[PDB]
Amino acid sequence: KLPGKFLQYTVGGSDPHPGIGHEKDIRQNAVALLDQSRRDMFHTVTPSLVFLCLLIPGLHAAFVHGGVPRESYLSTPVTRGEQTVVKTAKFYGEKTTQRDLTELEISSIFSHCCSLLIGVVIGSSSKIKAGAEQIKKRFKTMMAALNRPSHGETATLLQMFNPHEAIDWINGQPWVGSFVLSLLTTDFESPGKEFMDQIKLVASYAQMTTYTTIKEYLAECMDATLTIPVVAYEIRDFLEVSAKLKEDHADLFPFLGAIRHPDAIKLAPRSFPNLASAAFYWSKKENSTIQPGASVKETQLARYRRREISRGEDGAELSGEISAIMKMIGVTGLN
C-alpha cells in the first residue's frame, strides 16, 4: 500500500508577475507594447493590463490599490551592474522615439480589450481562445456605433496577441468583482459608452446560467415534470428568492454573477437541487443532470416528460384575416 502521504504546500515564494508601470508612462508603454518583439520581453499579461490602463483613465490607480505591481517580470533576467534584474516598471525602449497612436491602433486596442473584458465578465478564457466569431460580431457592432464600421474588419494590429492569459490572471484576483462592478456602473464618455454597451450586453446574466436555465424551463416546458411535487415546491421558493434578490439589487440583479456577488450563490443548483435537475434534464433533451441533494430520479423525469401540461387555450378558430395570411404560405387551418 502507498503510505497516504502527499505533497504539502510550502509557504510563500516569489513567482513572476505582470505589472502596470507608472501612470505618467501609460501611453508610451502602450505604444511600445504594440510591437510583438517588445511584448516578448515581459510577462505575457503586462501589455493587456497596460492597454486597460490606457483605455480607462483612473484604472491604473484602482489597480495599484488592488495590489497590482508597477514592475513587470522580464522574460529573461539581466545581469546589468553585477546585480541580477528580474523585473522593471518601464516597458518602452531607450530609443525613445515617442509617437502617438493611430486611429487603427486605437481600434485594435479596443478589439483586444473587448475580448479581454468579455472573458472577465463571463469568468472564462475558453471562448476567447476558441468560440470567437460571436466576439467579433460584438466588436463589429461597436465599431459601427462609432461610425467606423470598416475597423470591425481591419483593426487587426493585435490579432496575434490573444488575451487569454490576462483573462485568467484577472479572473484570479480578489478585486475582479469590484472591477466589473465599476465598469458596469460608470457613466463613460464616448467612445467608452459604445464600448461598454457591448460589455453590458455580454455581462447580463453572465455566470448565472442556473438561474437563466430554470427561467427558460419555467417559461417553455410543456410537460408534467413541472408538477413533480419536489420540483414544484422548489419552483415556488425559486420565484420568491428571485423576487427578493430583484428587489434588493434592482438594475444590478442581472449582474450578480459578473460582479461575483455572494448572493449569486442563492441561485446556484445546490439551492434548488430538484428544480435544477428537472430544468437541466429538460434543457439537454430540448437541445448527470441530477444535482447533489436532489431526491428526484431520472426515471421519474422521463415518465413525467411524456405527459403534457397546458398553458391555456386561445381559440379553436383563426380570424378570417389570419386564415387568409395562412393561405399565402400553404397553411389551411389549425389541426
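The numbering used is simple: start at 1 and walk along the sequence shown.
Unmodelled stretch separating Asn287 from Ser288: 4 to 9 residues (count of deposited-sequence residues without coordinates). Averaged over their C-alpha atoms, the temperature factors of 166 to 174 and 67 to 75 are higher for 67 to 75. Of the two stretches examined, 102 to 110 and 131 to 139, the record assigns the greater average C-alpha temperature factor to 131 to 139. Looking at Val120, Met208, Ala203, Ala145, the one whose CA carries the top B-factor in the deposited record is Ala145. Each of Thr84, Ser242, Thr213, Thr227 has a CA temperature factor in the record; the biggest one is found at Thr84. Remark: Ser115 belongs to the lowest third of its chain, ranked by C-alpha B-factor as recorded. Remark: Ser283 belongs to the highest third of its chain, ranked by C-alpha B-factor as recorded.
Annotation for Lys297: CA B-factor lies in the highest third of the chain's modelled residues. Per the deposited record, the Cα B-factor of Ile322 falls in the middle third when ranked against the other modelled residues of its chain. Annotation for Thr46: C-alpha temperature factor in the lowest third relative to the rest of the modelled chain, per the entry.
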